[PDB]
Amino acid sequence: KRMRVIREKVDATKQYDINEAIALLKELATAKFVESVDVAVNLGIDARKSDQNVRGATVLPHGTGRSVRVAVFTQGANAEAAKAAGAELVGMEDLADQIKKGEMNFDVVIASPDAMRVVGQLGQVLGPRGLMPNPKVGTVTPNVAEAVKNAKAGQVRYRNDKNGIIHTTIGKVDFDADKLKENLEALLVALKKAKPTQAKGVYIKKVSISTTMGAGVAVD
Amino acid sequence: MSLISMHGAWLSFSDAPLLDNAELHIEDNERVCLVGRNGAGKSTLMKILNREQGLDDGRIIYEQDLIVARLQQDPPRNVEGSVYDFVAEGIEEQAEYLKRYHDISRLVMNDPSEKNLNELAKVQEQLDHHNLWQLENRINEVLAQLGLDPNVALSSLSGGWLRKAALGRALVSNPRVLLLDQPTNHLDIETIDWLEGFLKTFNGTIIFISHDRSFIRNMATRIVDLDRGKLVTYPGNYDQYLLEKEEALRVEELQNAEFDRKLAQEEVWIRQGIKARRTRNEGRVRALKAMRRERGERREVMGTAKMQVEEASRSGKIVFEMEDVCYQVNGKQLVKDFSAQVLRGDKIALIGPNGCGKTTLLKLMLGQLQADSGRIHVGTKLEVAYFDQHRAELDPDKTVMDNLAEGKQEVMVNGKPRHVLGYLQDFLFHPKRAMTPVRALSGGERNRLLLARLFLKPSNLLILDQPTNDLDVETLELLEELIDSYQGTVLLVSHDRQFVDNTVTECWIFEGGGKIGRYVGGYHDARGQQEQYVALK
Amino acid sequence: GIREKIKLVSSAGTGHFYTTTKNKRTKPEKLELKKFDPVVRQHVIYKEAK
RNA sequence: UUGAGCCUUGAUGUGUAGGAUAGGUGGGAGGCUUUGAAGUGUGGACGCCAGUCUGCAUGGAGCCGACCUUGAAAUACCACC
Ligand SMILES: Nc1ncnc2c1ncn2[C@@H]1O[C@H](COP(=O)(O)OP(=O)(O)OP(=O)(O)O)[C@@H](O)[C@H]1O
Ligand SMILES: Nc1ncnc2c1ncn2[C@@H]1O[C@H](COP(=O)(O)OP(=O)(O)OP(=O)(O)O)[C@@H](O)[C@H]1O
Ligand code: NA
Ligand code: NA
C-alpha cells in the first residue's frame, strides 16, 4: 500500500548531496509513529579481519529523544554516589546481579575504572551485546561523572556489523533538518578520527539516512 | 577466493620423497576428501596444514585469523583425565586471550595508566571476531549436541565414545578449517548417519580422509589423490574418480613397460661385439647410463600385500559355553542372562550400537574380567589370536622387526620354520626400514603389522575388534578372502556392512537391557529376521 | 646416503644454530641438546629445525 | 539463447527450547490491513518433508509485537547486503 506508493516516491538508486535530501527524505513521514531513525553509512574495510574492526565513542548535544538509564558496576561502593548522579541503579560489585536479578545488565556499561571487583558475571552473560567497558572505546574510567555526564551528554556506542556498517540513532526526525547536518558532521570527522589503521580504496563507502519503517536517500 | 595455499612443497624423510613439487587450493565452504593407499602420506599432509612439522622446501600461505584444528587418526594417550578435561584442552591457544582480560584488570584495579588503559585494546583485539566469553557454556553445550556427559572419567569410555571425544575437542575452538583424519572408525550407523548432517551444515571448510566408500559419496565436493609424492584432483561423483584413476594406473603401467623395453634392448647392445674399427657412440652409452640411473624411480604398483594364515590342530568341538551369565556395569546392564554356545568352525559377528559391551563380551570369554554370575567354560585345545580395538599389544617405541614375532628371528611360514624377516616382504615392508620404531608407522601400516604377527603363529581361534579400521579396500579384499577360508573359529566385530556379508554366517545383534539376539546369516540376512521377529508371545 | 642434514636453532632468541645429520627414518624424535650460544654466552637448549 | 560482473526487482537462512526452517546489526514500539481477511482451494516450485513462499476466481476487513520458557527474538522499509 503505502510501500507501493512510496516505492515510486524515492529513487534510492540515484545519488544526492548533503542538503538536497532533507526535504526528499521527510516526505515519507505521513505515518504516525515515533520514527526511530536508523541512519546507515556503508564503510570500506576488510570487515572479516580482526585488526580493522573498530568501535567508537562519541558525544552529541542533540541527543536521541530517549535517554538510557544504565547502572554502574564497581566493587563495593562504586554505585553509592554515581547512582544518584546519572544511573538508574547503583549496581554493587558484591551484588553484581543483585540490583538486576531479572535484567543482569543495565542499558549502559558500568563505570568502575579503579574497581576490579568483578570481571562481570563470570559467564559472559554480562557481555551479551558487548557491555564490558574497555579503553578501546573508553568505557572504563573511575570517574562516575564521565558516565554521569553521559546522560547529560548523550553517550552513543558504535557497531561493527559483520559486513562493516555502523548504525546509530540520530535524534529522530522530530527535530530540525539542520541538526541532521550538524549530526552528520559530528559523526563524520569523529569517525574519520575513529578510522582504524588498515584501509583500501575509499574509506566511507556510502552514506544514507533511514528509519526502521522509513525510506532512505543516499546522502553523499 | 582462496583459503589455504601451498606452492612448490617438498617433504622427504630419510627415505624416498613423501611430497614432490605439489600444490593445494582450499576454497570457501567445500568438503574435500583425500584418497590414497596405505602409508602414502595423507596424515602427514594434515600435520603440515595444521602447522605442526616439516615442509623443508616450500611455502605455506594461509591467512591470519584462520583458526585450524584437526582430528588425529589414532586414539590419544592422555586418557587418564576426564571427558570435560580432555575436551577442554582443545582451546589451548584460546586460553591466552581468555585469561589476560581477567588478569590485567589488576593493573586497572589501580589508577588508570597508559599501560593499564591501553591494555583493554590488546586483550579484546581478538575478542571482536571470536566469542571467547563462553568457553564453559560451549564445551558443555557441544555435549548436549553430542551426548557425552562431561564428568565421566575418560579412561573408561568405549572405542566409539573415545573417538567422539576427540571429534569434540577438535571442534570446541570453532575452527574455520576442519581437518578430519579418519572420522568414522568406531562409530555405529546411527552416529555416522547423524554426523553426515552435522558436517554438511557446518559453516567452515572441511578436509577429511575416509576409507568409507559410502561416506565419501554423500559428502565430497572435490577429491584429491596424493598418490606417489604428487597429488592431483578429479571432478564428478566418487565413482568417477575410480574410473579416472584406473586409466591413470593403466596408462602409467603401459608407459612403464615401454621404458623397460628400450632399456632391455640397450643392454644387449652395450655388451655386443664392436666389429672392425668402430667406436660404439658415447651418445648412446651415456644415454644408457642415464637410463640405468633413472631406474631409481617409484614403483607404480604398491604391491598388493600378500598374506596367509597359520592353521593349527582342530580345537575341541565346544569353544565357548556360557549360560546364566549376567554381567552389568554400575549403571546399565551390558549382558543380562546370556545363554549361548560357540562350536567349531562357527563364524560369529558381534554387532550392535556404541558402547553396548562388544569389547567387554570378548573380555569375559578370555577371562580378562570376571562375570558377575553364571560361569563361562572355555574350549580345550584353543590357540587364540587376539586383535584388540586399541592395538595395545605393540609398544610404539620397539622396532618394527622386534614387535613382529616378539623380538625374535625365524618366523614360521606355511609348513616349517624356514623363514626369517622375509615375512615383511610379503607385507610390502622394505627390508631397509626394519628398525623403525612402531610409533613412526602410519595407522594402516600399524594395523597390518599387528595383523601380520597374529597370522604368524598357529591358531584355532580369531577375535577381531574392528580389524579393518584403517585398511584400504585392496588390502581389505584379501582379508575378506583369508578369514572366509579360515578353518577354525572366528568371532569378529565390525561396524560396516559389506565386510560381514562375505565372512560371517551368524550374528549376535545387541539390544538394550543386556539382551543379545542371535540371528542366522550374514549381516543383511540377520537384520532381515530382526524385522520379522515376533518374540514368542 | 640415508642421513639428512639438519640445524639446531637456539631457543635463546639470538639467531644461532649448529648443524648436523640425523637418521630420520629410525629417529622420529627431535633432538634437544644443551650447547653453547656465543651471542648470549650461556648454555641454552637447542631444538631441531630445518 | 547461451558463459562473468553490475542495478534494483522477486524468494532464499532447520543446531534445540518454542508459537516455528528462526541470516548480522538494526532501533523500535505498535504497525499492517481493508487497492478489502481469517479462508477456499489452486499451480509450477520447495523437504534435511514438521512447512514458508505466490499467481487463479468464490468469499475478502481480521490477524499480529505483547510474557519470553532461549546462545541471539519476532516474515514489521531498507543499508555493499
Ligand atoms: N616422523 C616420521 N619419521 C619418519 N618417517 C615417518 C614419520 N611419520 C611418518 N613416516 C613415514 O612416512 C609415511 C607417512 O606416514 P603417514 O602417517 O603420513 O601415512 P598415511 O598416508 O596417513 O597412512 P594411512 O593410510 O595408513 O593412515 C609413512 O610411510 C611413514 O612410515
Ligand atoms: N574400564 C572401564 N571402566 C568403566 N566403564 C567401562 C570401562 N570399559 C568400558 N566401560 C563401559 O562399558 C560399556 C561397554 O564398553 P565396551 O568397551 O565393551 O564397548 P563396545 O560395546 O565394544 O562399544 P564400541 O563399539 O563403542 O567400542 C560402556 O558403557 C563403557 O563406557
Ligand atoms: Na569397544
Ligand atoms: Na595415517
# chains A, B, ... in the order shown; residues from 1 in each chain; ligands from 1

$ residues_near_ligand --ligand "ligand 2" --cutoff "9 Å" --atoms "only C-alpha atoms (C1' of nucleotides) and all ligand atoms" --output "mmCIF file with N, CA and C atoms, in the first residue's frame"
data_model
loop_
_atom_site.group_PDB
_atom_site.id
_atom_site.type_symbol
_atom_site.label_atom_id
_atom_site.label_comp_id
_atom_site.auth_asym_id
_atom_site.auth_seq_id
_atom_site.Cartn_x
_atom_site.Cartn_y
_atom_site.Cartn_z
ATOM 1 N N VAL B 152 32.474 -37.785 33.377
ATOM 2 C CA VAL B 152 32.798 -39.206 33.419
ATOM 3 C C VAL B 152 34.262 -39.381 33.045
ATOM 4 N N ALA B 153 35.000 -40.126 33.868
ATOM 5 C CA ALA B 153 36.421 -40.336 33.622
ATOM 6 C C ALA B 153 36.628 -40.919 32.234
ATOM 7 N N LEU B 154 37.441 -40.242 31.421
ATOM 8 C CA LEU B 154 37.532 -40.611 30.014
ATOM 9 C C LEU B 154 38.334 -41.888 29.795
ATOM 10 N N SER B 155 39.102 -42.331 30.781
ATOM 11 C CA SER B 155 39.818 -43.600 30.658
ATOM 12 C C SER B 155 38.896 -44.795 30.663
ATOM 13 N N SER B 156 37.586 -44.557 30.599
ATOM 14 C CA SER B 156 36.577 -45.593 30.737
ATOM 15 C C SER B 156 35.714 -45.799 29.503
ATOM 16 N N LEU B 157 35.542 -44.783 28.660
ATOM 17 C CA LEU B 157 34.608 -44.877 27.548
ATOM 18 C C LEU B 157 35.038 -45.963 26.559
ATOM 19 N N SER B 158 34.112 -46.314 25.670
ATOM 20 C CA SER B 158 34.366 -47.311 24.644
ATOM 21 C C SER B 158 35.167 -46.695 23.501
ATOM 22 N N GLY B 159 35.508 -47.521 22.513
ATOM 23 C CA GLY B 159 36.250 -47.017 21.370
ATOM 24 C C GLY B 159 35.447 -46.033 20.543
ATOM 25 N N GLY B 160 34.141 -46.264 20.424
ATOM 26 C CA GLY B 160 33.297 -45.315 19.720
ATOM 27 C C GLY B 160 33.146 -44.004 20.464
ATOM 28 N N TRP B 161 32.995 -44.068 21.787
ATOM 29 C CA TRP B 161 32.846 -42.845 22.566
ATOM 30 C C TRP B 161 34.160 -42.083 22.659
ATOM 31 N N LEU B 162 35.277 -42.796 22.805
ATOM 32 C CA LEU B 162 36.573 -42.127 22.842
ATOM 33 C C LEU B 162 36.821 -41.359 21.555
ATOM 34 N N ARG B 163 36.409 -41.926 20.420
ATOM 35 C CA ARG B 163 36.523 -41.215 19.153
ATOM 36 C C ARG B 163 35.630 -39.983 19.136
ATOM 37 N N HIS B 186 35.142 -46.052 14.760
ATOM 38 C CA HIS B 186 34.435 -46.897 15.710
ATOM 39 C C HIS B 186 32.999 -46.439 15.924
ATOM 40 N N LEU B 187 32.436 -45.706 14.971
ATOM 41 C CA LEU B 187 31.068 -45.239 15.099
ATOM 42 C C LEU B 187 30.096 -46.299 14.597
ATOM 43 N N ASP B 188 28.861 -46.222 15.089
ATOM 44 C CA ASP B 188 27.787 -47.063 14.590
ATOM 45 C C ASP B 188 27.040 -46.342 13.471
ATOM 46 N N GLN B 328 26.753 -56.830 34.477
ATOM 47 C CA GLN B 328 26.191 -55.495 34.330
ATOM 48 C C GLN B 328 27.150 -54.478 34.917
ATOM 49 N N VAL B 329 27.397 -53.402 34.174
ATOM 50 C CA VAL B 329 28.212 -52.303 34.673
ATOM 51 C C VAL B 329 27.351 -51.569 35.690
ATOM 52 N N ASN B 330 27.952 -50.641 36.440
ATOM 53 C CA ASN B 330 27.261 -49.987 37.549
ATOM 54 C C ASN B 330 25.868 -49.506 37.149
ATOM 55 N N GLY B 331 25.794 -48.627 36.155
ATOM 56 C CA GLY B 331 24.525 -48.047 35.770
ATOM 57 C C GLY B 331 23.602 -48.986 35.022
ATOM 58 N N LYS B 332 24.006 -49.404 33.828
ATOM 59 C CA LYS B 332 23.156 -50.186 32.944
ATOM 60 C C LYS B 332 23.706 -51.595 32.768
ATOM 61 N N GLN B 333 22.836 -52.492 32.310
ATOM 62 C CA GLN B 333 23.221 -53.875 32.073
ATOM 63 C C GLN B 333 23.773 -54.036 30.664
ATOM 64 N N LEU B 334 24.937 -54.672 30.556
ATOM 65 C CA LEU B 334 25.542 -54.938 29.259
ATOM 66 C C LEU B 334 25.108 -56.289 28.708
ATOM 67 N N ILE B 351 27.589 -57.453 16.479
ATOM 68 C CA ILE B 351 27.183 -56.137 16.012
ATOM 69 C C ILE B 351 26.216 -55.536 17.021
ATOM 70 N N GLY B 352 26.059 -54.218 16.944
ATOM 71 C CA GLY B 352 25.192 -53.501 17.848
ATOM 72 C C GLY B 352 25.458 -52.010 17.836
ATOM 73 N N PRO B 353 25.018 -51.313 18.879
ATOM 74 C CA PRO B 353 25.302 -49.877 18.975
ATOM 75 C C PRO B 353 26.640 -49.614 19.644
ATOM 76 N N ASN B 354 26.975 -48.344 19.846
ATOM 77 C CA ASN B 354 28.219 -47.999 20.516
ATOM 78 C C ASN B 354 28.155 -48.339 22.000
ATOM 79 N N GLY B 355 29.293 -48.771 22.538
ATOM 80 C CA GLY B 355 29.430 -48.978 23.970
ATOM 81 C C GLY B 355 28.459 -49.971 24.566
ATOM 82 N N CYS B 356 27.984 -50.930 23.776
ATOM 83 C CA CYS B 356 26.989 -51.888 24.234
ATOM 84 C C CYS B 356 27.603 -53.168 24.789
ATOM 85 N N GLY B 357 28.924 -53.243 24.892
ATOM 86 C CA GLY B 357 29.573 -54.377 25.511
ATOM 87 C C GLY B 357 30.249 -55.354 24.575
ATOM 88 N N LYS B 358 30.418 -55.011 23.298
ATOM 89 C CA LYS B 358 31.074 -55.928 22.373
ATOM 90 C C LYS B 358 32.501 -56.221 22.810
ATOM 91 N N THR B 359 33.263 -55.177 23.134
ATOM 92 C CA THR B 359 34.645 -55.377 23.551
ATOM 93 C C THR B 359 34.717 -56.063 24.908
ATOM 94 N N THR B 360 33.793 -55.746 25.811
ATOM 95 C CA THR B 360 33.811 -56.395 27.115
ATOM 96 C C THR B 360 33.300 -57.829 27.049
ATOM 97 N N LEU B 361 32.451 -58.149 26.068
ATOM 98 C CA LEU B 361 31.981 -59.522 25.922
ATOM 99 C C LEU B 361 33.135 -60.458 25.597
ATOM 100 N N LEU B 362 34.029 -60.034 24.703
ATOM 101 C CA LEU B 362 35.223 -60.820 24.416
ATOM 102 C C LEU B 362 36.102 -60.946 25.652
ATOM 103 N N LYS B 363 36.147 -59.898 26.473
ATOM 104 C CA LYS B 363 36.956 -59.941 27.683
ATOM 105 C C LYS B 363 36.443 -61.001 28.649
ATOM 106 N N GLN B 389 40.675 -53.627 20.013
ATOM 107 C CA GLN B 389 40.180 -52.397 19.406
ATOM 108 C C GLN B 389 41.295 -51.364 19.310
ATOM 109 N N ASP B 465 38.419 -57.181 17.005
ATOM 110 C CA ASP B 465 37.648 -55.994 17.370
ATOM 111 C C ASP B 465 37.948 -54.916 16.337
ATOM 112 N N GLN B 466 37.113 -54.851 15.302
ATOM 113 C CA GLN B 466 37.270 -53.911 14.199
ATOM 114 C C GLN B 466 38.634 -54.087 13.548
ATOM 115 N N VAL B 493 34.225 -58.385 15.160
ATOM 116 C CA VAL B 493 33.399 -57.231 15.485
ATOM 117 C C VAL B 493 33.637 -56.170 14.422
ATOM 118 N N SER B 494 32.561 -55.670 13.824
ATOM 119 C CA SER B 494 32.712 -54.675 12.774
ATOM 120 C C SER B 494 31.455 -53.822 12.694
ATOM 121 N N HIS B 495 31.636 -52.575 12.264
ATOM 122 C CA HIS B 495 30.548 -51.616 12.159
ATOM 123 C C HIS B 495 30.151 -51.321 10.721
ATOM 124 N N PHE B 510 23.000 -56.873 19.237
ATOM 125 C CA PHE B 510 22.854 -56.354 20.586
ATOM 126 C C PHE B 510 21.582 -55.532 20.729
#

$ residues_around --residues "residue 201 (chain A)" --least-positions-apart "3" --cutoff "12 Å" --atoms "only C-alpha atoms (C1' of nucleotides)" --output "list in words"
residues 43, 44, 45, 46, 198, 204 and 205 of chain A

$ write_last_selection --atoms "N, CA and C atoms" --output "compact mmCIF listing (two decimals), in the first residue's frame"
# COMPACT_ATOMS: atom_id res chain seq x y z
N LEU A 43 30.66 1.31 5.21
CA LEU A 43 32.08 1.53 5.45
C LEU A 43 32.92 0.61 4.57
N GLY A 44 34.10 1.10 4.20
CA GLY A 44 35.05 0.30 3.45
C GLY A 44 36.19 -0.22 4.30
N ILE A 45 36.08 -1.48 4.72
CA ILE A 45 37.12 -2.15 5.48
C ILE A 45 37.03 -3.64 5.18
N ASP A 46 38.16 -4.34 5.32
CA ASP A 46 38.19 -5.79 5.18
C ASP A 46 37.55 -6.40 6.43
N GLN A 198 44.38 -0.17 8.91
CA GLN A 198 44.31 -0.72 7.56
C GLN A 198 43.08 -0.19 6.82
N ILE A 204 34.80 5.73 3.54
CA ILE A 204 33.35 5.78 3.74
C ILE A 204 32.72 5.42 2.40
N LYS A 205 32.30 4.15 2.27
CA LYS A 205 31.75 3.67 1.01
C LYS A 205 30.53 4.48 0.60

$ residues_around --residues "residue 434 (chain B)" --least-positions-apart "3" --cutoff "7 Å" --atoms "only C-alpha atoms (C1' of nucleotides)" --output "ChimeraX atom specification"
/B:400-401,431

$ interface_residues --of "chain C" --to "chain B" --cutoff "6 Å" --atoms "only C-alpha atoms" --output "MDAnalysis selection string"
chainID C and resid 2 24:26

$ write_last_selection --atoms "N, CA, C and O atoms" --output "mmCIF file, in the first residue's frame"
data_model
loop_
_atom_site.group_PDB
_atom_site.id
_atom_site.type_symbol
_atom_site.label_atom_id
_atom_site.label_comp_id
_atom_site.auth_asym_id
_atom_site.auth_seq_id
_atom_site.Cartn_x
_atom_site.Cartn_y
_atom_site.Cartn_z
ATOM 1 N N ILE C 2 71.690 -42.225 3.534
ATOM 2 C CA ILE C 2 70.380 -42.086 4.156
ATOM 3 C C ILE C 2 70.303 -40.815 4.995
ATOM 4 O O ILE C 2 69.294 -40.104 4.964
ATOM 5 N N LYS C 24 66.612 -39.992 9.864
ATOM 6 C CA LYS C 24 65.238 -39.588 10.126
ATOM 7 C C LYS C 24 64.248 -40.739 10.060
ATOM 8 O O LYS C 24 63.142 -40.612 10.594
ATOM 9 N N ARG C 25 64.603 -41.851 9.424
ATOM 10 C CA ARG C 25 63.692 -42.982 9.344
ATOM 11 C C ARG C 25 63.805 -43.924 10.535
ATOM 12 O O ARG C 25 62.972 -44.824 10.671
ATOM 13 N N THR C 26 64.801 -43.744 11.398
ATOM 14 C CA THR C 26 64.892 -44.502 12.634
ATOM 15 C C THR C 26 64.895 -43.624 13.874
ATOM 16 O O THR C 26 65.002 -44.153 14.984
#

$ residues_around --residues "residue 32 (chain B)" --least-positions-apart "4" --cutoff "7 Å" --atoms "only C-alpha atoms (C1' of nucleotides)" --output "NGL selection string"
:B and (206-208 or 220-223)

$ residues_near_ligand --ligand "ligand 1" --cutoff "9 Å" --atoms "only C-alpha atoms (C1' of nucleotides) and all ligand atoms" --output "ChimeraX atom specification"
/B:12-15,17-18,35-47,73,181-182,209,211,226,433,436,438-447,470-472 /C:23-29

$ write_last_selection --atoms "N, CA and C atoms" --output "short mmCIF file (atom, residue, chain, number, x, y, z; two decimals), in the first residue's frame"
data_model
loop_
_atom_site.label_atom_id
_atom_site.label_comp_id
_atom_site.auth_asym_id
_atom_site.auth_seq_id
_atom_site.Cartn_x
_atom_site.Cartn_y
_atom_site.Cartn_z
N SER B 12 60.47 -34.97 2.56
CA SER B 12 61.18 -36.22 2.30
C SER B 12 61.93 -36.58 3.57
N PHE B 13 61.42 -37.55 4.31
CA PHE B 13 62.15 -38.07 5.45
C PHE B 13 63.37 -38.81 4.92
N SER B 14 64.13 -39.45 5.80
CA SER B 14 65.38 -40.05 5.36
C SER B 14 65.06 -41.26 4.50
N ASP B 15 64.45 -41.01 3.35
CA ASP B 15 63.77 -42.02 2.54
C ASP B 15 63.37 -41.35 1.22
N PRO B 17 60.90 -39.44 -1.42
CA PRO B 17 60.13 -38.22 -1.11
C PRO B 17 58.65 -38.52 -0.87
N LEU B 18 58.18 -38.14 0.32
CA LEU B 18 56.75 -38.19 0.60
C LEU B 18 55.99 -37.18 -0.25
N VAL B 35 42.19 -39.37 -0.84
CA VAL B 35 42.09 -40.80 -1.11
C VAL B 35 43.45 -41.28 -1.59
N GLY B 36 44.17 -41.99 -0.72
CA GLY B 36 45.46 -42.55 -1.08
C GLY B 36 45.68 -43.86 -0.37
N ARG B 37 46.47 -44.73 -0.99
CA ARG B 37 46.74 -46.04 -0.43
C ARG B 37 47.44 -45.91 0.92
N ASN B 38 47.55 -47.03 1.62
CA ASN B 38 48.11 -47.02 2.97
C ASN B 38 49.57 -46.60 2.94
N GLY B 39 49.97 -45.82 3.94
CA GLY B 39 51.35 -45.37 4.03
C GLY B 39 51.77 -44.36 3.00
N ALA B 40 50.81 -43.69 2.34
CA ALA B 40 51.14 -42.78 1.25
C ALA B 40 51.38 -41.35 1.71
N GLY B 41 50.96 -40.98 2.90
CA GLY B 41 51.22 -39.66 3.44
C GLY B 41 50.03 -38.74 3.59
N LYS B 42 48.82 -39.27 3.78
CA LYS B 42 47.66 -38.40 3.96
C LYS B 42 47.71 -37.71 5.32
N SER B 43 48.13 -38.42 6.36
CA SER B 43 48.16 -37.81 7.69
C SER B 43 49.26 -36.76 7.80
N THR B 44 50.40 -36.98 7.14
CA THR B 44 51.48 -36.01 7.24
C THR B 44 51.13 -34.70 6.55
N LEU B 45 50.27 -34.75 5.52
CA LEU B 45 49.77 -33.52 4.93
C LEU B 45 48.91 -32.75 5.93
N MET B 46 48.07 -33.46 6.67
CA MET B 46 47.26 -32.85 7.71
C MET B 46 48.11 -32.18 8.77
N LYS B 47 49.26 -32.77 9.11
CA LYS B 47 50.15 -32.15 10.07
C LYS B 47 50.84 -30.93 9.47
N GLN B 73 44.14 -39.57 13.77
CA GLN B 73 43.64 -40.87 13.33
C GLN B 73 43.73 -41.94 14.41
N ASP B 181 41.03 -36.52 10.13
CA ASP B 181 41.77 -37.73 9.78
C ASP B 181 40.99 -38.94 10.29
N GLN B 182 40.36 -39.67 9.37
CA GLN B 182 39.62 -40.88 9.69
C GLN B 182 38.49 -40.59 10.68
N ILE B 209 39.93 -37.42 5.48
CA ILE B 209 40.40 -38.66 4.88
C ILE B 209 39.51 -39.78 5.40
N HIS B 211 38.11 -43.91 4.59
CA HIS B 211 38.14 -45.16 3.84
C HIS B 211 36.75 -45.76 3.68
N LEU B 226 46.99 -37.62 -4.01
CA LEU B 226 48.25 -37.79 -3.27
C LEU B 226 48.75 -39.23 -3.42
N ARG B 433 63.81 -50.45 6.01
CA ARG B 433 63.09 -49.84 7.13
C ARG B 433 62.50 -50.92 8.04
N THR B 436 62.67 -49.19 12.26
CA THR B 436 61.84 -48.04 12.57
C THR B 436 61.01 -48.31 13.82
N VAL B 438 57.80 -48.33 16.10
CA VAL B 438 56.44 -48.56 15.62
C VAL B 438 55.62 -47.27 15.64
N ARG B 439 55.93 -46.35 16.55
CA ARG B 439 55.19 -45.09 16.62
C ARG B 439 55.30 -44.30 15.32
N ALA B 440 56.39 -44.48 14.57
CA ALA B 440 56.57 -43.74 13.33
C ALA B 440 55.66 -44.22 12.22
N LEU B 441 55.17 -45.45 12.29
CA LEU B 441 54.38 -46.01 11.21
C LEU B 441 53.01 -45.34 11.13
N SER B 442 52.42 -45.41 9.94
CA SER B 442 51.08 -44.87 9.73
C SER B 442 50.04 -45.77 10.39
N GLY B 443 48.80 -45.27 10.43
CA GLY B 443 47.74 -46.04 11.06
C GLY B 443 47.49 -47.37 10.38
N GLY B 444 47.38 -47.35 9.05
CA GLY B 444 47.16 -48.59 8.32
C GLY B 444 48.36 -49.53 8.39
N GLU B 445 49.57 -48.97 8.35
CA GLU B 445 50.76 -49.79 8.49
C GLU B 445 50.79 -50.49 9.84
N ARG B 446 50.39 -49.78 10.90
CA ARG B 446 50.37 -50.40 12.22
C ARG B 446 49.25 -51.42 12.34
N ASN B 447 48.14 -51.21 11.63
CA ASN B 447 47.07 -52.20 11.63
C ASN B 447 47.54 -53.51 11.02
N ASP B 470 41.64 -49.11 9.51
CA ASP B 470 42.47 -48.25 8.69
C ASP B 470 42.87 -48.87 7.36
N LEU B 471 42.57 -50.14 7.14
CA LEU B 471 42.99 -50.80 5.91
C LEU B 471 42.23 -50.26 4.71
N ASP B 472 42.92 -50.14 3.58
CA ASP B 472 42.28 -49.78 2.33
C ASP B 472 41.60 -51.01 1.72
N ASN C 23 69.51 -39.65 11.22
CA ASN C 23 68.83 -40.74 10.53
C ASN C 23 67.34 -40.59 10.81
N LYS C 24 66.61 -39.99 9.86
CA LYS C 24 65.24 -39.59 10.13
C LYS C 24 64.25 -40.74 10.06
N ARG C 25 64.60 -41.85 9.42
CA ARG C 25 63.69 -42.98 9.34
C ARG C 25 63.80 -43.92 10.53
N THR C 26 64.80 -43.74 11.40
CA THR C 26 64.89 -44.50 12.63
C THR C 26 64.89 -43.62 13.87
N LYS C 27 64.79 -42.31 13.73
CA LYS C 27 64.76 -41.38 14.85
C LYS C 27 63.65 -40.36 14.65
N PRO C 28 62.40 -40.77 14.83
CA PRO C 28 61.29 -39.80 14.70
C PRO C 28 61.34 -38.68 15.72
N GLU C 29 61.98 -38.89 16.87
CA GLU C 29 62.05 -37.85 17.88
C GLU C 29 62.96 -36.72 17.42
#

$ select_by_dssp --residues "region 66-200 of chain A" --states "strand (DSSP E)" --output "PyMOL selection string"
chain A and resi 155-157+165-168

$ interface_residues --of "chain D" --to "chain B" --cutoff "12 Å" --atoms "only C-alpha atoms (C1' of nucleotides)" --output "NGL selection string"
:D and (13-16 or 48 or 71)

$ atom_distance --atom1 "CA of residue 263 (chain B)" --atom2 "CA of residue 286 (chain B)"
12.5 Å

$ residues_around --residues "region 213-217 of chain A" --least-positions-apart "2" --cutoff "9 Å" --atoms "only C-alpha atoms (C1' of nucleotides)" --output "ChimeraX atom specification"
/A:6-7,10-16,21-22,24-25,28-29,35-40,207-211,219 /D:76-79

$ residues_around --residues "residue 20 (chain D)" --least-positions-apart "6" --cutoff "10 Å" --atoms "only C-alpha atoms (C1' of nucleotides)" --output "ChimeraX atom specification"
/D:14,50-52

$ write_last_selection --atoms "N, CA, C and O atoms (P, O5', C5', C4', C3', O3' and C1' of nucleotides)" --output "PDB file, in the first residue's frame"
ATOM      1  P     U D  14      18.209 -21.727   8.878  1.00  0.00           P
ATOM      2  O5'   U D  14      18.618 -23.264   8.878  1.00  0.00           O
ATOM      3  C5'   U D  14      18.853 -23.947  10.103  1.00  0.00           C
ATOM      4  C4'   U D  14      17.557 -24.276  10.799  1.00  0.00           C
ATOM      5  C3'   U D  14      17.636 -25.413  11.810  1.00  0.00           C
ATOM      6  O3'   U D  14      16.636 -25.213  12.808  1.00  0.00           O
ATOM      7  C1'   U D  14      16.170 -26.018  10.074  1.00  0.00           C
ATOM      8  P     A D  50       7.928 -34.229   8.725  1.00  0.00           P
ATOM      9  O5'   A D  50       6.653 -33.279   8.563  1.00  0.00           O
ATOM     10  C5'   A D  50       5.593 -33.291   9.514  1.00  0.00           C
ATOM     11  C4'   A D  50       5.712 -32.141  10.485  1.00  0.00           C
ATOM     12  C3'   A D  50       5.206 -30.786   9.999  1.00  0.00           C
ATOM     13  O3'   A D  50       3.805 -30.624  10.156  1.00  0.00           O
ATOM     14  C1'   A D  50       7.383 -30.531  10.847  1.00  0.00           C
ATOM     15  P     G D  51       3.102 -29.187   9.962  1.00  0.00           P
ATOM     16  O5'   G D  51       3.992 -28.431   8.877  1.00  0.00           O
ATOM     17  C5'   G D  51       3.626 -27.139   8.405  1.00  0.00           C
ATOM     18  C4'   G D  51       4.830 -26.353   7.946  1.00  0.00           C
ATOM     19  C3'   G D  51       4.553 -25.052   7.205  1.00  0.00           C
ATOM     20  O3'   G D  51       4.274 -23.969   8.078  1.00  0.00           O
ATOM     21  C1'   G D  51       6.219 -26.292   6.062  1.00  0.00           C
ATOM     22  P     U D  52       4.110 -22.475   7.502  1.00  0.00           P
ATOM     23  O5'   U D  52       5.602 -21.929   7.383  1.00  0.00           O
ATOM     24  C5'   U D  52       5.899 -20.554   7.604  1.00  0.00           C
ATOM     25  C4'   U D  52       6.407 -19.872   6.354  1.00  0.00           C
ATOM     26  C3'   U D  52       5.369 -19.653   5.251  1.00  0.00           C
ATOM     27  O3'   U D  52       5.609 -18.406   4.597  1.00  0.00           O
ATOM     28  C1'   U D  52       7.172 -20.918   4.402  1.00  0.00           C
TER      29        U D  52
END

$ atom_distance --atom1 "CA of residue 507 (chain B)" --atom2 "CA of residue 344 (chain B)"
15.7 Å

$ residues_around --residues "residue 40 (chain C)" --least-positions-apart "4" --cutoff "9 Å" --atoms "only C-alpha atoms (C1' of nucleotides)" --output "JSON, numbers by chain"
{"C": [12, 14, 36]}

$ closest_residue --among "B:317, B:350, B:310, B:284" --to "residue 417 (chain B)" --atoms "only C-alpha atoms"
B:310
